[PDB]
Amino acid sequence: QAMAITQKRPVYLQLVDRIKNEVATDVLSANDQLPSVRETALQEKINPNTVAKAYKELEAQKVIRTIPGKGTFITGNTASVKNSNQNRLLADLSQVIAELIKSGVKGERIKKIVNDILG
């Protein structure tokens, strides 16, 4: 019954998040060359092992791919990355609204508020 403590998000997952969001927001486009593990480690001040762990994760999620001799590239399957991103965001939307109606805010007023926020 003791409270759950949230830990640091691992640094390698923070970098996955960053690259993924950059793809979703078109800072990084489909088939763009991504820097090397070295260049990323050097630019972000992150241990190369952590960057390599990031890049492995990103590849598993199909956000990036490697071409032998040519380096690491943003996937061509970039619409799929954007949709998964929106889903992360929609999950968050769902959760804030739930916590709002739980805080005593009625739905009809959440509708009004949202309409104001969007106007």
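Position 1 is the first residue in the sequence shown; the rest follow in order.
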Exercise for the section: Mind pulling up the entry and telling me whether 14-22 or 101-109 has the higher mean Cα temperature factor? Expected result: 101-109
Handout entry: Out of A54, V27, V37, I74, residue topping the C-alpha B-factor column of the entry
Key = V27
Exercise for the section: Rank-wise, by C-alpha B-factor, drop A79 into the lowest, middle or highest third of its chain. Expected result: middle
Exercise for the section: Place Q43 in the lowest, middle or highest third of its chain's C-alpha B-factors, as listed in the PDB entry. Expected result: highest
